[PDB]
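# Understanding the architecture of this molecule
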Amino acid sequence: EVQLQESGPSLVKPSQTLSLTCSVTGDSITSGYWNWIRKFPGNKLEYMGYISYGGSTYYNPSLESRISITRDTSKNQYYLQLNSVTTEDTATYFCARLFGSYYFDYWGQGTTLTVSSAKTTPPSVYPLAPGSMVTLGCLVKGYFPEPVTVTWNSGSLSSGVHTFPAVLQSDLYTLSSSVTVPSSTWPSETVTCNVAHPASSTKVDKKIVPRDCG
Amino acid sequence: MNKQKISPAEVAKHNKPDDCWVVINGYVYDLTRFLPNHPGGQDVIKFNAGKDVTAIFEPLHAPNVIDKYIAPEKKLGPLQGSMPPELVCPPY
Amino acid sequence: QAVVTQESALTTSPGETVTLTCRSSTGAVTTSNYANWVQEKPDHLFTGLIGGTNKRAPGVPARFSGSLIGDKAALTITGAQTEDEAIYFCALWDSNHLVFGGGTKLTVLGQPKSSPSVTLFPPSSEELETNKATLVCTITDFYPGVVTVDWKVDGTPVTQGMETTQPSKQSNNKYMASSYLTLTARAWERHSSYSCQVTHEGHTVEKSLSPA
Ligand code: HEM
């Protein structure tokens, strides 16, 4: 019952021209206002602009010089073009319709778009150790592109494991993961950290050892 | 621009092909010289001249088309209270 | 270009009525602003709720209403449900431009509040062999999912060089986050005390450390 599906690249280098599609099935795009919305990594939504059911356009006054929204009724889709792309354009793009003047009915699932000049880089993996229950960690630092697949004792240890969303340090990705085990279980028994990065096609595993000095 | 209230009495009076006013939201518009240029055709405006067209207008136009096409001089001013039931357009 | 402002965050419990409001920077919001409200749930999920100030989108539970309260648009949830826990975006038509605010995080208490469980890891001795250092502050099990994180080196707040992640939902419906403190190996050696400070529901939980 009415679907919006976004299409496009997942990655594009800064300077280039991004091209996005919104395929609409279940209703004719000759009826409402058809639009583009961005959701930045920091939770900020930004209204990009629209095209009417007659082809009339409107663009966010901050994007006039770059953005360009077209449509083709025959295939029943519209489009977003955004050139002079910059790091800042990294976000998740949505198409949604607007019952002109009133509410948004129908949003798409969105597509994530990443803007980066970064070249494919394996992670460096470092054990995070403290020194009744002992909390061990793993720092997957300095990789590109996402994702990484992080595990503890090859999946043997899957209770109380938190893997956090990667952030962006010096045009590269960094993320850390943690497992919580009894004090009786470590050092005593070995806790190894497993890290697969399909992209650079590497796979490493760090044993977590007691601390240093200093 | 801070402008004078207009009564429903006066609006209702403006309802012919060459003297056409409309009430969208609670505001008054002289759509007379706009008629020839309405991408939605003249008839719809004529048929509804001198009426409150809020319920028809608003779902078919985004809130920023009025200022693209219509001179602000033609944004006549705000309605005084409200148009009589007989002269408010409902959704079809 | 008007700036549309709305509550940081709001907590409430099932059954209660909650109101979220929406202010434009230039003046008072009237129906000509055609206030609009959309909801975002985890997994990029957006749902249109209100348009033209007080018009419910189809398929939207009647518990959702919009109105004009004082000088701002208002979203009223009458009898809030646990599933109403999500981020609410306001949008106003100002100066022929449609503008979103920074949204509200509405917590609808589905379980008792819990305080965060903070853990500070030093830079590993292997990472120091790159002349780089990264302290890692893991924050688990907090509810509601709002948290400000701070760092102190030698008892002074750190301006530059830190990044914290956006609170993300755990399988047990509490929240987790991580904060990173990047330095050079030189800086790490040239200082003695380190702290990650997590403020949740009033109080601050602090985990502290020194090299040795
Ligand atoms: C207030 C000033 C008005 C302006 C500036 C205006 C302008 C426009 C424009 C530009 C379109 C094309 C929309 C697009 O291509 O995206 C349109 C469509 C339309 N308008 Fe208006 N209009 C106005 C008033 C009215 C009024 C008073 C009525 C009747 C109550 C009306 C009825 C329609 C209809 C029925 C359509 C759609 C026809 C179709 O689906 O092809 N408009 N208008």
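Going by what the PDB entry lists, chain C is known as heme domain of flavocytochrome b2 and is assigned to Mus musculus. Its PDB title, taken directly from the record, is "Crystal structure of the heme domain of flavocytochrome b2 in complex with Fab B2B4".

Named according to the PDB entry, chain B is Cytochrome b2, mitochondrial originating from Saccharomyces cerevisiae.

From N to C terminus, chain B includes 4 helices and 5 strands. Counted from the first residue to the last, chain B has its helices and strands arranged as α-β-β-β-α-β-α-α-β. For 92 residues, the compact-globule formula gives about 12 Å, and the C-alpha radius of gyration of chain B, at 12 Å, lands near that figure. C-alpha atoms of chain B, sized along the principal axes, occupy 30 × 30 × 25 Å.

For the rest of this paragraph, the subject is the site of the ligand. Near the ligand lie 21 residues; those nearest to it are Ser 52 of chain A together with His 38, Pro 39, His 61 and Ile 70 of chain B. Near the ligand, the surrounding residues are drawn from chains A and B. One nitrogen or oxygen atom from the side chain of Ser 52 of chain A is found 2.7 Å from an oxygen atom belonging to the ligand. Between the ligand and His 61 of chain B, the relevant distance is 2.9 Å, taken from a nitrogen atom to a side-chain nitrogen or oxygen of the residue. Looking at side-chain class alone, the shell around the ligand contains 15 nonpolar, 6 polar and no charged residues.

In this section: the interface of chain B and chain A. With 10 residues of chain B in contact, the opposing surface of chain A contributes 9 residues. Summed over both partners, the interface of chain B with chain A buries about 760 Å², with 44% contributed by carbon and sulfur atoms. Linking chain B with chain A are 6 residue pairs in polar contact. In terms of residue class, the side of chain B that touches chain A is made up of 6 nonpolar, 3 polar and 1 charged.

The subject of this paragraph is the domain arrangement of chain C. Residue and element names in this part refer to chain C. Domain parsing of chain C yields domain 1 (1-110) and domain 2 (111-210). Taken residue by residue, the interface counts 9 residues in domain 1 and 9 residues in domain 2. Among the elements of the structure, β2 (9-12) and β11 (104-108) are those that each provide at least two residues to the side of domain 1 that touches domain 2. Per element, the largest residue contribution to the side of domain 1 that touches domain 2 is 3 residues, and it comes from β11. Classifying every residue of the side of domain 1 that touches domain 2 by side-chain character gives 4 nonpolar, 3 polar and 2 charged.

Turning our eyes to something else, we now look at the nonpolar core. Judged by nonpolar contacts, the single largest core of 34 residues is most densely connected at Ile 37, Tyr 47, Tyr 50, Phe 104 and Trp 107 of chain A, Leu 31 of chain B together with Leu 98 of chain C. Broken down by secondary-structure element, the contributors of at least two residues to this core are β4 (33-39), β5 (45-51) and β9 (91-98) of chain A, β2 (19-24) of chain B together with β9 (86-94) and β10 (97-100) of chain C. With near-sequence residues (within four places) excluded, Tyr 47 of chain A lies in contact with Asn 35, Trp 36, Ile 37, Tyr 58, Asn 60 and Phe 104 of chain A together with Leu 98 and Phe 100 of chain C. Counting residues in hydrophobic clusters, the runner-up holds 29 residues, among them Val 125, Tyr 143, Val 148 and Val 195 of chain A.

Turning next to the sheet that holds β9 of chain A. Residues and elements named next belong to chain A. The 6 strands are arranged β2-β10-β9-β4-β5-β6 in an open sheet whose pairing can be described as mixed. A strand with exactly one partner marks an edge of an open sheet, and here the two such strands are β2 (11-12) and β6 (57-59). Of the strand pairs in this sheet, β4 and β9 are connected by 7 bridges, and their pairing is antiparallel. Across the sheet, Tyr 33 pairs through a bridge with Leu 98, a residue of β9.

Residues and elements named next belong to chain C. Pairing in this open sheet of 4 strands is antiparallel, and the strands run β15-β14-β19-β20 from one edge to the other. Each of the sheet's edge strands pairs with one partner strand only, and the pair in question is β15 (156-157) and β20 (203-209). Across 7 bridges, the pairing between strand β19 (residues 194-200) and β20 is antiparallel. Residue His 200 lies in a different strand from β20, and its bridge partner there is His 203.

Our focus in this paragraph is the side chain of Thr 92 of chain A. Looking at the element boundaries, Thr 92 of chain A is found in strand β9. The contact partners of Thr 92 of chain A, leaving out residues within four places of it in the chain, are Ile 37, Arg 38, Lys 39, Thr 111 and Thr 112 of chain A together with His 44 of chain C.

Contacts between chain A and chain C engage 47 residues on the former and 51 residues on the latter. Residue assignment for the side of chain A that touches chain C shows that the elements contributing at least two residues are β4, β5, β9, β11 (124-128), β12 (133-143), β14 (161-163), β15 (167-169) and β16 (172-182) of chain A. With 5 residues, β12 of chain A is the single largest residue contributor to the side of chain A that touches chain C. Its residues placed into classes, the side of chain A that touches chain C shows 26 nonpolar, 15 polar and 6 charged.

A word on the state of the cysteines. Formally, a disulfide is one covalent bond, and it connects the sulfur atom of one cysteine to the sulfur atom of another. What the rule picks out here adds up to 4 disulfides over all chains. Linked covalently through their sulfurs, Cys 138 of chain A and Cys 193 of chain A form a disulfide whose S-S length is 2.0 Å. Because the torsion about its S-S bond is -105°, the bridge between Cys 138 of chain A and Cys 193 of chain A counts as left-handed. Residue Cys 138 of chain A is found in strand β12, and its partner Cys 193 of chain A is found in strand β17 (residues 192-197); the two are separated by 55 residues along the sequence. Considered together, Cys 138 of chain A and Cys 193 of chain A belong to a single accessibility category, that of buried residues. A disulfide bridge connects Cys 137 of chain C with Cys 196 of chain C, and the sulfur atoms are separated by 2.0 Å. Given an S-S torsion of about -85°, the disulfide between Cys 137 of chain C and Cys 196 of chain C has left-handed geometry. Linking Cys 137 of chain C in strand β13 (residues 132-142) with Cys 196 of chain C in strand β19, this pair joins segments that are 59 residues apart in sequence. For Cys 196 of chain C, a relative accessible area of 0% corresponds to the buried category.

This part is about the pairing of strand β1 (residues 3-7) of chain A. Residues and elements named next belong to chain A. Burial along β1 is one-sided: the face carrying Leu 4 and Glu 6 is buried and the face carrying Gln 3, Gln 5 and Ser 7 is not. As defined by bridge partners, β1 adjoins strand β3 (residues 18-25) across 5 bridges and the pair is classed as antiparallel. Residue pairing in the sheet places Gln 3 in a bridge with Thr 25 of β3.

So, how was this worked out
Residues numbered from 1 in each chain as written, not as in the entry; some residues may be left out. Chains lettered and ligands numbered in written order. Heavy atoms only, no water. Residues with missing side-chain atoms left out of burial classes, pairs and counts. Helix = DSSP H or I, 4+ residues; strand = E, 2+ residues; numbered from the N terminus. Rg over C-alpha atoms; globule rule 2.2 N^0.38 Å. Near = heavy atom within 4 Å. Polar contact = N/O pair within 3.5 Å; in protein donor to acceptor, adjacent residues only side chain to side chain. Nonpolar A, V, L, I, M, F, W, Y, C, P; charged D, E, K, R; others polar. Contact = heavy atoms within 4.5 Å. Buried area = accessible area lost by both parts, 1.4 Å probe. Domains from an automatic or database assignment. Core = buried A, V, L, I, M, F, W, Y, C linked by side-chain atoms within 4.5 Å. Buried < 20%, exposed > 50% of the residue type's maximum accessible area, 1.4 Å probe, protein only. Pairing = 2+ DSSP bridges. Disulfide = S-S within 2.5 Å.

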